[PDB]
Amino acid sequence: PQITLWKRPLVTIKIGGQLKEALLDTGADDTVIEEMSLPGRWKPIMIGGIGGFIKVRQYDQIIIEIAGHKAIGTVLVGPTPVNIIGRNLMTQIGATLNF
């Protein structure tokens, strides 16, 4: 599919057994999902954005489906205001920018 940028490029994702809406963010290196009770071990890390840093839990090898496309990778979980899909998973679904 092709997604224009008139509006925020929101897509449905599946993670942790839950469907959610998330933002395809080419300016995000990583994937950050709003606070959810993901099972298993994780690692404390900090990530930064326009107005500073926030604390997140880093989970490896997390299965996620993005707009119907299967992926698996590192997912960060924490108090983000928007669920964000970053390059680490956008590359796995073959997404490009085109102009």
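When you see a residue number, it is the position in the sequence shown, counting from 1.
Peer 1: Which is higher on mean Cα B factor in this entry, 63 to 71 or 25 to 33?
Peer 2: Per the PDB entry, the higher value belongs to 63 to 71.
Peer 1: Would 77 to 85 or 16 to 24 have the larger average of its C-alpha temperature factors, as given in the entry?
Peer 2: Per the PDB entry, the higher value belongs to 77 to 85.
Peer 1: Against its chain's modelled residues, does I45's Cα B factor rank lowest, middle or highest third?
Peer 2: Within its chain, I45 is a lowest-third residue by C-alpha B-factor, going by the deposited values.
Peer 1: Is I93 in the lowest, middle or highest third of its chain when residues are ranked by C-alpha B-factor?
Peer 2: Highest third - that is where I93 ends up once the chain's C-alpha B-factors are sorted.
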